[PDB]
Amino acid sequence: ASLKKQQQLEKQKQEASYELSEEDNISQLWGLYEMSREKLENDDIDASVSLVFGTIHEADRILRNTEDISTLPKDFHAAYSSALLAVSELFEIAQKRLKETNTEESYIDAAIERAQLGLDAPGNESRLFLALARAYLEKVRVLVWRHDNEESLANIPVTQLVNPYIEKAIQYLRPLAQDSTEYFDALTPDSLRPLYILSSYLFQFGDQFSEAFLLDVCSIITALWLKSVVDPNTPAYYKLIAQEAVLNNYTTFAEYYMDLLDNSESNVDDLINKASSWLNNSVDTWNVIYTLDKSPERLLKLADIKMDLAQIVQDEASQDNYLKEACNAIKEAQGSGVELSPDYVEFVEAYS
């Protein structure tokens, strides 16, 4: 029940740890950051950088003109943190405006430090939790890169390096994913891009996590992507970005079960059903995507999903259906002028 939602939710957090181990000026800070994201979306990244540094300078100015900085709301630290992270994100251009002793990673560290400073402030915490999560996740990505490229780190296991920030990210994502956290406009598909770092980390090093941990953390991710666009009046364009991430997450999870299949001999039945289930969640989401953006090359993706179903299903009747659906999707794509790679071409020939 409702008390069970908290009893199980609590078990998720437990296994998770074990597994991983005036004022109106605030609204206007956010506006500057939001506008920087509008420019980024329009691919004018120089302007996006200007708006970002503008946000930071305005944050500094609010701070020095505030009698008591401990009264600045969480949303102030959240906006400032988000601006700092955006400098890291756009660092290739942003570095041009800075002294040479500056790094992308240092801006990620600052974004983390600034959001953490908000943990103490008054006010709604949603935007802060999102800022914290986004910054922790960019830190993960950079640590992965440092692990592959810095000689000092070569012999430290990636997971050892990175799990503490993965754990912190999940600590702040989990509450945002709850239905008790009402939607809020900083929760955009754009803002959730760092969720890809978490997904692939889990995928790439899933071999060290329980199944239950994966299912727990993956449903957090899915829940967030979906929430960023549940308002039925979200423009299709944004719905698209979220649904493609959800689809990536479903196919990734299917592939994880299919991987266990292609090794271990137990329990094929269990593994086949779970894999199929995610593959079918994929078809559903793909269909949702296809209504949002009917584009013939997408049919090749449907075909891939159906071939995976064909590959693992245990009854011939279903297998024949899947293969036929794949074939039909591939032919229609081609009939709509989509270039078929030799793979696909040969599958249509091999089939009929």
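Heads up: residue numbers just count along the shown sequence, starting at 1.
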(message) Please classify the coordinate gap between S21 and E22 in terms of deposited residues: none, 1 to 3, 4 to 9, or 10 or more.
(response) 10 or more
(message) Comparing average C-alpha B factors as deposited, tell me which of 280 to 288 and 307 to 315 sits higher.
(response) 307 to 315
(message) On mean Cα temperature factor in this entry, is 183 to 191 or 104 to 112 the higher one?
(response) 183 to 191
(message) Out of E138, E125, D207, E167, whose C-alpha atom has the biggest B factor in the entry?
(response) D207
(message) Highest recorded C-alpha temperature factor, please, choosing from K99, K227, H77, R146.
(response) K99
(request) Give the position of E92 by CA B-factor within its chain, expressed as the lowest, middle or highest third. (result) middle
(request) Using the B-factors in the PDB entry, rank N249's C-alpha atom against the chain and give the third, lowest, middle or highest. (result) middle
(request) Taking the chain's C-alpha temperature factors as the reference, tell me which third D43 falls into: lowest, middle or highest. (result) highest
(request) Comparing against every modelled residue in the chain, figure out the third that the C-alpha B-factor of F129 lands in (lowest, middle or highest). (result) lowest
(request) Determine, from the deposited record, the chain-internal third of the Cα B-factor for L119: lowest, middle or highest. (result) middle
